[PDB]
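Structure first, commentary second.
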Amino acid sequence: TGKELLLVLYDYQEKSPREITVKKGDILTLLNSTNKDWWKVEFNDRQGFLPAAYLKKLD
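For what it's worth, the UniProt record's numbering labels the leading residue of the sequence shown as 967, then goes sequentially.
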């Protein structure tokens, strides 16, 4: 389930079936940050992976 809010810092185009597409300024929720570089997130009707470097954890 969703935890911390996340801010998208730059547009990102999904590069695999496991990723999602987001736009700069989008607000997401965090699902899995076990890996420092790749985070699972939830955004509206979709869940998937994004590069952690593109995201600011809002805590």
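C-beta atoms are modelled at their ideal positions from N, C-alpha and C, and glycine is treated no differently.
**Study point:** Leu1016 versus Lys1006 - alpha carbon distance
**Key:** 6 Å
Check your understanding: Alpha carbon to alpha carbon, how far is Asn998 from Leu972?
Key -> 12 Å
Check your understanding: Relative to the C-alpha of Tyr1020, which residue among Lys981, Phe1009, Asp1011 and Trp1004 is closest?
Key -> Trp1004
**Study point:** Buried/exposed call for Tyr978, threshold 16 Cβ in 10 Å
**Key:** buried
Review point. Taking just the CA atoms, how far does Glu980 sit from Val974?
Key: 14 Å
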